[PDB]
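Below you'll find the structure, written out as C-alpha cells, and then a few comments.
Just so you know, these numbers use all the heavy atoms, side chains as well, and skip hydrogens, waters and symmetry mates. Convention: sequence-line order gives letters A, B, ...; per-chain numbering from 1.
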Amino acid sequence: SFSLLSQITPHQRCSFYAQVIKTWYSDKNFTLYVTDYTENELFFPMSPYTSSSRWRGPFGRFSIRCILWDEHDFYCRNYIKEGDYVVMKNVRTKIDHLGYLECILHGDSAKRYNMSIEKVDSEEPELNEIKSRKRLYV
DNA sequence: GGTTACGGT
C-alpha cells in the first residue's frame, strides 16, 4: 500500500507519491530530496536562515533524502528533475548516523523486490493531496 | 556503497 511521508518509519519497505525538491548527482549515486508536504519527526529540520542555499522550501521537517544506487542511479540521473512528481514503490527506509530518516534504492539485478521510481504527470489526481497541502506552505 | 541539509557539479 501507499504511505504518506508522515507515516513512514525506519527499516521498512514503503511506497509513496512525492514531489522532487532537489537532485544531486555524483560519480557514486544519484540523490533526490522529496516531499509530500506532510511532516515526519525523523526528517531534517530544513532552515530558512541558511546563507546562500538554493533550497526554497519546504522548511522544517518536511522532506526526505533518497539515495539511488546502480540501475536506479543510471536511470534517474538524467531523467528525474527538480519539480517533477514521482511515485516510488517498494523502496527501503533507514536511519542515518545522525538519526534522520533516509530512503534507499539498492541495486536489485535479481529483481527480488519489485522496486521502481517513475514520473507522474502533474495532472494525475493521485497528486491532488500533495498540491492541496503545498498551498498551506506557500 | 556514501555523508550530513550544502554544493548547484
Side-chain angles (χ1 to χ4, degrees):
Chain A
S1 69
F2 290 101
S3 302
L4 296 178
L5 282 186
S6 59
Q7 299 171 326
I8 71 168
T9 55
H11 305 119
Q12 70 173 173
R13 162 175 68 94
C14 64
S15 305
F16 54 81
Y17 288 90
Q19 189 172 27
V20 179
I21 297 298
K22 170 180 173 78
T23 60
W24 181 260
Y25 61 84
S26 80
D27 55 18
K28 297 303 182 294
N29 56 34
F30 190 56
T31 302
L32 306 177
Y33 293 73
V34 308
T35 184
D36 72 355
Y37 300 94
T38 70
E39 191 265 349
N40 189 307
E41 294 284 86
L42 297 180
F43 292 172
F44 186 89
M46 296 296 305
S47 179
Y49 310 131
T50 305
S51 301
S52 86
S53 171
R54 298 287 299 273
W55 190 272
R56 298 288 175 269
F59 298 105
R61 300 191 190 266
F62 278 85
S63 300
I64 188 171
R65 182 159 60 214
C66 307
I67 304 295
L68 279 59
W69 297 103
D70 304 313
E71 69 270 19
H72 315 287
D73 170 10
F74 308 141
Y75 180 54
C76 292
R77 64 190 288 116
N78 303 110
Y79 177 59
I80 301 305
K81 304 299 176 187
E82 295 175 357
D84 288 345
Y85 297 92
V86 292
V87 56
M88 305 181 47
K89 299 181 190 174
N90 299 315
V91 300
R92 282 284 299 182
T93 63
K94 62 175 294 188
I95 290 301
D96 71 17
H97 302 76
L98 301 181
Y100 304 105
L101 257 174
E102 197 167 46
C103 170
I104 310 289
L105 289 73
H106 290 288
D108 183 19
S109 280
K111 291 183 169 186
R112 165 65 178 80
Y113 295 114
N114 196 29
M115 266 181 310
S116 63
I117 169 166
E118 296 281 15
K119 292 187 182 190
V120 179
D121 188 281
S122 50
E123 84 174 44
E124 303 297 351
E126 282 79 1
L127 307 176
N128 286 350
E129 292 302 324
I130 286 172
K131 296 184 181 181
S132 59
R133 293 189 294 261
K134 179 179 177 178
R135 293 196 294 266
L136 304 171
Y137 303 95
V138 291

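For the side chain to side chain contact (heavy atoms under 4.5 Å, CB included) with A:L105, the qualifying choice from A:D73, A:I67, A:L68, A:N90 is A:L68, the only one to do so.
In this structure, A:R112 does not pair ionically with A:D108, as no charged nitrogen and carboxylate oxygen lie closer than 4.0 Å.
Stacking of A:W69 onto the six-membered ring of B:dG1 is present: less than 5.5 angstrom between centres, less than 30° between planes. The aromatic ring of A:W24 sits over the base of B:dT9, with ring centres less than 5.5 Å apart and planes tilted by under 30°.
Inter-residue side-chain proximity for A:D84 and A:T23 is flagged as unmet; no heavy-atom pair is nearer than 4.5 Å.
If you find the closest nucleotide of DNA chain B to A:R65 and to A:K22, the one lying nearer the 5' end belongs to A:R65. Nearest-nucleotide positions on DNA chain B for A:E82 and A:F44 put A:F44 closer to the 5' end.
Remark: P of B:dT9 and CG of A:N78 are 14 Å apart, rounded to the nearest angstrom. Look at OH on A:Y33: it is 7 Å from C1' on B:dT4, rounded to the nearest Å. Look at CZ on A:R61: it is 14 Å from P on B:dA5, rounded to the nearest Å. Rounded to an integer number of Å, the gap from A:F74 CZ to B:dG1 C1' is 12 Å. Atom CG of A:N29 is separated from atom P of B:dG2 by 10 Å (rounded to the nearest Å). Going from atom NZ of A:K81 over to atom P of B:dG8 covers 18 Å, rounded to whole Å. Atom OH of A:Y25 is separated from atom P of B:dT9 by 6 Å (rounded to the nearest Å). The CG atom of A:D27 sits 12 Å away from the P atom of B:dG2 (whole-angstrom rounding).
If you check distances only, the side chain of A:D96 never reaches the base of B:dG2 with a donor-acceptor pair under 3.5 Å. With hydrogens and angles left out, the side chain of A:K94 and the base of B:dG2 share a donor-acceptor pair within 3.5 Å.
Between A:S63 and the phosphate of B:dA5, there is no side-chain N or O to OP1/OP2 separation shorter than 4.0 Å. Dashed line: the shortest gap from a side-chain N or O of A:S52 to OP1 or OP2 of B:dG7 is under 4.0 Å.
Taking the six-membered ring where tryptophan is involved, the planes of A:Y17 and A:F2 are tilted, since the angle between them lies from 30° to 60°.
Residue-environment remark: NZ (A:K28) stays at or below the threshold of 12 foreign heavy atoms within 6.0 Å.
Rounded to the nearest Å, the gap between the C1' atom of B:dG7 and that of B:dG2 is 16 Å.
Across all strands shown, A:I104 has heavy atoms under 4.0 Å from base atoms, whether or not it also approaches the sugar-phosphate.
Here the side chain of A:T50 is nearest to one of B:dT3, B:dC6, B:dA5, namely B:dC6. Checking B:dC6, B:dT3, B:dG1 against every side-chain atom of A:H97, the shortest atom distance belongs to B:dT3.
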